[PDB]
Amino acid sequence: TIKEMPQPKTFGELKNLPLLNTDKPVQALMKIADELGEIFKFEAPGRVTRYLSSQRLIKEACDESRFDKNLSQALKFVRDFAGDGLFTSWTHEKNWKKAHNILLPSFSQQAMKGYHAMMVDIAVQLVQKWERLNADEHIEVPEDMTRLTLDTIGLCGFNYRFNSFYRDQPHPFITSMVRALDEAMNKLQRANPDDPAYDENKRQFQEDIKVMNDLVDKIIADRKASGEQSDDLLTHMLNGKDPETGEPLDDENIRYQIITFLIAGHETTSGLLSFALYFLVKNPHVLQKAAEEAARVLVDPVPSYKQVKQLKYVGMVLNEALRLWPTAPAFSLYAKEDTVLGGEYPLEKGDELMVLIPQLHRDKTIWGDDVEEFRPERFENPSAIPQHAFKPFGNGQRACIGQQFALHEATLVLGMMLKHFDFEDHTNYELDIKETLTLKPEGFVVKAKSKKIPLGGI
């Protein structure tokens, strides 16, 4: 009953490692999955993992009694700067559950209602920037989505203004973050990471980590010097006590959580918004539907929290963009004990699995055969989608803690974008997906023609 697992091409003693010697590893793995199927083994010197792409096997991988979150080599490298923050901690480390309990309240509905005004502050800056462009100009989409998302997590979470719209170059934190993520991605295929040919990479990596930490220093210092009372994410990080242990986070872990939330709290949302706008311009009828909803629902100068919740179709458009291009494209698991996967693949305690989310989301046995079409209507009734078929936010207790924050922000902004402008894919842009562990279109530009609808203050 046991089956021999397919495996891609090898390179002698380097096994499959050289297949990751590309600037687009996830896309390369997706192609391999298309060739090999629902599961394939991937070996590197001294290690092995198994890539899953079907809902039938992934539903098993998501059974928390059998599998727990694993730190992929990618996350082990990110941990060099994110430490035991929530994204890069093992479930069994004391600081995971402790920080989880202390920070969960920062993402409650009450908390979301409280972040709304600040999300509008940054959204208005984005709309004003576009309203102020001259006729001969265009929009660099992912660049501006990154300005928006970093500023939103900075303001809502830390009462800190990155003021990204006041810069024509990326904010310094972004430059160093991108370089650090790129280095972790690039280090995946190094068979000999310690060879002196990598000393410059190591030196630059440390410099980038320093830039991120100097920023964290300013955020912590600005909060101390604040005379105003805040009750945001940072307030809970600094003062919250875990109800289980009764203990608050220590300084070292707090610094890791700030770095973690500044990165996880914006990068993937900037990817989502970029991919959603890309699909909208490539599917005119869908853009028309979304724009009609935005005009019909957003009747006030600025959106209210309830109005954003009423943007159902915009929400569907965002979920369909997450289906095709989940911006944190994979997550890893390890077998808690010996177990047999899908009744054919025996695994030993400790064996690892990688869930290739874009492939899961293209499982024709779940969705129809039309998996490559952008059809928001697939999500008219999210509750009807089979369990574990759609997982852009991970799984179980280790799922995304900021899912509702991301979706609220993206729905708000995309709704405002669609209410205020008509968009044009003026260059007939060819999708080019840049990988920095996370995924984001590169070089995507559009032209926006204002509908000249006044924007309320605030």
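The first residue of the sequence shown is number 1, and the count goes up from there.
Undergrad: For the C-alpha atoms alone, is the average B factor greater in 82-90 or in 291-299, going by the entry?
TA: According to the entry, 291-299 carries the higher average C-alpha B-factor.
Undergrad: Please compare 193-201 with 270-278 and say which has the higher mean C-alpha temperature factor in the record.
TA: 193-201 has the higher mean C-alpha B-factor.
Undergrad: Which one of 133, 221, 177, 233 shows the biggest C-alpha B-factor in the PDB entry?
TA: So the option with the highest C-alpha B-factor is 221.
Undergrad: Looking at 182, 242, 140, 121, which has the highest Cα B-factor in the entry?
TA: Comparing C-alpha B-factors across 182, 242, 140, 121, the maximum falls on 182.
Undergrad: Within this chain, which third does the Cα B-factor at residue 326 fall in: lowest, middle or highest?
TA: For residue 326, whose C-alpha B-factor we compare with every modelled residue in the chain, the answer is the lowest third.
Undergrad: Would you please rank residue 402 by its C-alpha temperature factor against the other modelled residues of its chain and give the third it falls in: lowest, middle or highest?
TA: Within its chain, residue 402 is a middle-third residue by C-alpha B-factor, going by the deposited values.
Undergrad: Comparing against every modelled residue in the chain, figure out the third that the C-alpha B-factor of residue 25 lands in (lowest, middle or highest).
TA: Tercile = lowest for this residue's CA B-factor.
Undergrad: If you rank the chain by CA B-factor, which third does residue 449 end up in: lowest, middle or highest?
TA: Highest third, going by the recorded CA B-factors of the chain.
Undergrad: Which third, lowest, middle or highest, does the CA B-factor of residue 353 fall in along this chain?
TA: It falls in the middle third of the chain.
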